[PDB]
Each structure stands twice: as C-alpha cells, then as structure tokens.
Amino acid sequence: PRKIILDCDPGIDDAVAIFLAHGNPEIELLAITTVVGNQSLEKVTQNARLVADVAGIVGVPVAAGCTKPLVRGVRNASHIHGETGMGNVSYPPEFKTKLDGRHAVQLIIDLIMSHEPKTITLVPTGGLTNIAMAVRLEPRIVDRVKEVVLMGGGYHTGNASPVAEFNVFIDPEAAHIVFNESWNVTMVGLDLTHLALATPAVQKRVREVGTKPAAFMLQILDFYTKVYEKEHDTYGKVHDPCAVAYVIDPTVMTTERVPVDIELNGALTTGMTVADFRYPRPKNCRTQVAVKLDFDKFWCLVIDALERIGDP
C-alpha cells in the first residue's frame, strides 16, 4: 500500500478524498493534516474530525496546521445560509477522533523523518502553506519525499480569478515555494477536476451503497452543490478526490510533463499557475499537469471505497 499524508481543508471535496483514501486498500493514510482556507482553521479541523468519526477512521493522527497564509491576508468570506456544522449536518456533542497534540507542520516533518526515504507521498488538497512551512523548516524532507500530488491550480482554467484557482490564489507564496523545490510534482488542476462530474447516474450509484457515509456524502454534496454550481444548469463535480485517485492508479488520468511556475505579483494574474507548453519541452521536468480523466475508472474507485468502508 502507498503511504500518504492528506493535507486538507475539509469541505465535501476534501471529505470525499478522505473516504477514498481510507476506503481504498492500495492507500495507507498516515495522517490527516489541516490548513486554513475558505473557512477558518478551527472550522476546517472540526470538519476533519467529523468525517473521521463518520468513516470510522482510527489510529490515524489528525493535526491542525497553519491558521494564516504565509504573506497574504485571508478573506474570511463567510456567509453559509443553512450551514451548522458541515452543510446541514451538525456536530455531535463529542468527537470520537481526538486531535493530535502537535502542529500539523511538526507532524509532517516527524513522519517524513521517521519512515524510510521515498516512501511517503504528499497529497495536499488545500492551500500549500502547511507544506511550504515544513520545507523551509526541514529541508531534508524534500529529498525523502516520494513525490507530491496536489489538487490545485489550472493552466487554462480558473475560478478564484479568470486564471487562478483557489488553493493557489489563497497563498501564492506557499504555492511558489512548493513548485520550485527539487521534488516531483503532479498538479491536478481545474482543467482536470472539471471532468469529474457528479451525474445523476453516479448519485444513484452511490445512493445504492446505502451506508451512513454514502448518505452523508450525498447530503453534504447536494447542499453545497446547490449553493455554488447549482446556480446554473449543470451537475456538480468533486475535485480533491482526483488527487488521491491518481496515487491509487496513474492511469485514471493522462498527464503532460511541462514546467510550471507561480505568478506572485501580477495585477490580474497573481496566483496563476503558469505552464510552458511551448514548442521544445525540456528533457528533465520534475513537474507535470493532469489533462484527461478516466470518468468511469475514477467513479468506480469512489464507489468501491465507499462499499469497503461500510457502516462503522
């Protein structure tokens, strides 16, 4: 089983990633780290513990990370109408899963320096401030990391801006730091995750599993889908999971090796992931971007995982 560390900011997307990681036999979830994002770190951490409780994950540490982006201020942009805990779901009086005592950054450095080299695969699905920190704090980790698979960015697509994606836009500096280290980086951006649609056929499929987790996922997804993408006439889509999926089977998506950098001072482009697809491509490129997604193989994995989790 491939050992990984899931750094996230729990929203349905991140939650589904956690289910997939836990549910799949090919993945060995080493720990779940949390980072500030659209919602405060605390809010996000609570959500993490809630999904951990629902998926009945035990033995896997959960640690809260950075509360602020490296340099940019955070736009709290809070306004969830019918939101209580996560979506319409409320938090239980007590949480089954407890919070690890150390800061997410320390945990990551610890885990990496504890296990054998090229064993752990980092999978960030939120801002990269947590990762960026560990890199500057413990340089020896970038060489020990097998590789980095993150959900974020977009070479020809953007949401937070015409050309930028949230996870990156949120803390451009952290993104830059990460993208410029000597390690291997696989960027699963919007261009990709946009293909991971939640067609009604898929919903029927998951609903068929008929487990508390399945129901949970659907309910929350539906709630948030309504608020965002349900403003238009087209299905919702999950992103974060796509990163985990790749780690499980590289054939779930096509990728292209092209250099990628982060714009940090552009009046209109700050936060954009610049990808050089130009004529002669460099022979050695530690970075690559996801392109086409295998719709079926992807969803099958999700369902399969949900089935495996069952009803804890």
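In case it trips you up, residue 1 is the first one in the sequence shown, and so on.
Per the entry, where is the mean C-alpha temperature factor higher: 282-290 or 30-38? So the stretch with the higher mean C-alpha B-factor is 282-290.
74-82 versus 149-157 - greater average Cα B-factor per the deposited record: Comparing 149-157 with 74-82, the higher average CA B-factor belongs to 74-82.
Of the choices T186, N88, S114, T125, which one's C-alpha carries the largest B-factor in the record? Each of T186, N88, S114, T125 was compared by C-alpha B-factor; the highest is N88.
Between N167, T121, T211, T129, where does the Cα B-factor run highest in the record? Answer for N167, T121, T211, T129: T211, with the highest C-alpha B-factor.
Going by what the PDB entry lists, where does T273 fall on CA B-factor within its chain: lowest, middle or highest third? Its C-alpha B-factor belongs to the lowest third of this chain's values.
Where does the C-alpha B-factor of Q46 rank in its chain, lowest, middle or highest third? Its C-alpha B-factor, which the entry lists for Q46, ranks in the middle third among residues of this chain.
Which third, lowest, middle or highest, does the CA B-factor of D296 fall in along this chain? For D296, the deposited C-alpha B-factor lands in the highest third.
Split the chain's modelled residues into thirds by Cα B-factor; is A196 in the lowest, middle or highest one? Tercile = middle for this residue's CA B-factor.
Is the Cα B-factor recorded for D240 in the lowest, middle or highest third of its chain? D240: CA B-factor falls in the middle third of its chain.
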